[PDB]
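Beneath this line is the structure, given in structure tokens, with notes to follow.
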Amino acid sequence: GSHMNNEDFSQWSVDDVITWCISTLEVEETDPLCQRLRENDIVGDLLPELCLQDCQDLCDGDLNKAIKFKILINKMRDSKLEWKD
């Protein structure tokens, strides 16, 4: 179904989640957004557990941040190779 390569949630670390997140969320690895995510040590297996609650908490208080954050995560879970015609 979706099992192909992935990065294995058991191998996802701080730098892994942060880097990929930021580089695909809004800005690059410059904004303090990295520091925030770094504080709350969360593994890739706990990402879907954060929800808009922990996500928004990870931000100063901006919907666009959390909303877009949790979303991008859903895409990474269901994966996306090439099924759009």
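Following the order of the structure tokens, chains are lettered A, B, ..., residues in each are numbered from 1, and ligands are numbered from 1.
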Counting only C-alpha atoms, which residues of segment 62-81 of chain A fall within 9 Å of segment 21-45 of chain A, and what is the closest atom pair for each with its distance in Å at one decimal, ordered by chain and rising number, as JSON lines?
```
{"residue": "A:65", "atom": "CA", "partner": "A:25", "partner_atom": "CA", "distance": 7.9}
{"residue": "A:68", "atom": "CA", "partner": "A:25", "partner_atom": "CA", "distance": 6.8}
{"residue": "A:69", "atom": "CA", "partner": "A:25", "partner_atom": "CA", "distance": 6.4}
{"residue": "A:72", "atom": "CA", "partner": "A:25", "partner_atom": "CA", "distance": 7.4}
{"residue": "A:73", "atom": "CA", "partner": "A:21", "partner_atom": "CA", "distance": 8.6}
```
Selected residues written out, N, CA and C atoms, as an mmCIF file, in the first residue's frame:
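Final file, selection03.cif:
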```
data_model
loop_
_atom_site.group_PDB
_atom_site.id
_atom_site.type_symbol
_atom_site.label_atom_id
_atom_site.label_comp_id
_atom_site.auth_asym_id
_atom_site.auth_seq_id
_atom_site.Cartn_x
_atom_site.Cartn_y
_atom_site.Cartn_z
ATOM 1 N N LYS A 65 0.765 28.402 11.242
ATOM 2 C CA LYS A 65 1.911 27.569 11.577
ATOM 3 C C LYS A 65 1.479 26.147 11.920
ATOM 4 N N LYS A 68 -0.744 24.321 9.057
ATOM 5 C CA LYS A 68 0.093 23.850 7.954
ATOM 6 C C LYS A 68 1.028 22.738 8.418
ATOM 7 N N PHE A 69 1.444 22.818 9.676
ATOM 8 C CA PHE A 69 2.349 21.831 10.254
ATOM 9 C C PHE A 69 1.702 20.445 10.287
ATOM 10 N N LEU A 72 1.043 18.912 6.663
ATOM 11 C CA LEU A 72 2.209 18.333 6.008
ATOM 12 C C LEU A 72 2.546 16.973 6.595
ATOM 13 N N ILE A 73 2.262 16.801 7.881
ATOM 14 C CA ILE A 73 2.533 15.536 8.542
ATOM 15 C C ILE A 73 1.627 14.438 7.999
#
```
* Any chance you could list, as a ChimeraX atom specification, the residues in segment 33-85 of chain A that come up alpha helix (DSSP H) when DSSP is run on the backbone? => /A:33-39,47-57,63-78
Same residues, C-alpha atoms, output as a short mmCIF file (atom, residue, chain, number, x, y, z; two decimals), in the first residue's frame:
```cif
data_model
loop_
_atom_site.label_atom_id
_atom_site.label_comp_id
_atom_site.auth_asym_id
_atom_site.auth_seq_id
_atom_site.Cartn_x
_atom_site.Cartn_y
_atom_site.Cartn_z
CA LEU A 33 11.26 27.82 14.78
CA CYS A 34 14.07 25.26 15.00
CA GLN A 35 14.80 26.07 18.65
CA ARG A 36 11.16 25.59 19.63
CA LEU A 37 10.82 22.19 17.95
CA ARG A 38 14.22 21.26 19.41
CA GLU A 39 13.07 21.96 22.97
CA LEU A 47 4.25 13.56 15.49
CA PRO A 48 0.62 12.44 14.78
CA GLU A 49 0.13 12.52 18.55
CA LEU A 50 1.01 16.21 18.86
CA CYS A 51 -2.18 17.40 17.17
CA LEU A 52 -3.09 21.08 16.74
CA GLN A 53 -2.73 21.26 20.53
CA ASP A 54 0.97 20.48 20.94
CA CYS A 55 1.72 21.89 17.49
CA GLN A 56 0.20 25.30 18.19
CA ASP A 57 1.91 25.16 21.58
CA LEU A 63 -2.70 29.12 13.33
CA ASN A 64 -1.10 29.17 9.88
CA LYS A 65 1.91 27.57 11.58
CA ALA A 66 0.22 24.71 13.43
CA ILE A 67 -2.45 24.12 10.79
CA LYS A 68 0.09 23.85 7.95
CA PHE A 69 2.35 21.83 10.25
CA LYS A 70 -0.09 19.05 11.19
CA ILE A 71 -1.21 18.95 7.55
CA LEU A 72 2.21 18.33 6.01
CA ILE A 73 2.53 15.54 8.54
CA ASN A 74 -0.61 13.82 7.28
CA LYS A 75 0.89 13.86 3.78
CA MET A 76 4.13 12.27 4.99
CA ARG A 77 2.12 9.52 6.70
CA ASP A 78 -0.01 8.63 3.67
#
```
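Put simply, atom CA of residue 79 of chain A is 12.8 Å away from atom CA of residue 8 of chain A.
Going from atom CA of residue 46 of chain A over to atom CA of residue 19 of chain A, you cover 16.5 Å.
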* Figure out the distance between atom CA of residue 82 of chain A and atom CA of residue 14 of chain A, please, to one decimal in Å. =>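 These atoms are spaced 28.6 Å apart.
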* Quick one: of A:18, A:81, A:61, A:13, who's nearest to residue 1 of chain A, counting only C-alpha atoms? -> A:81
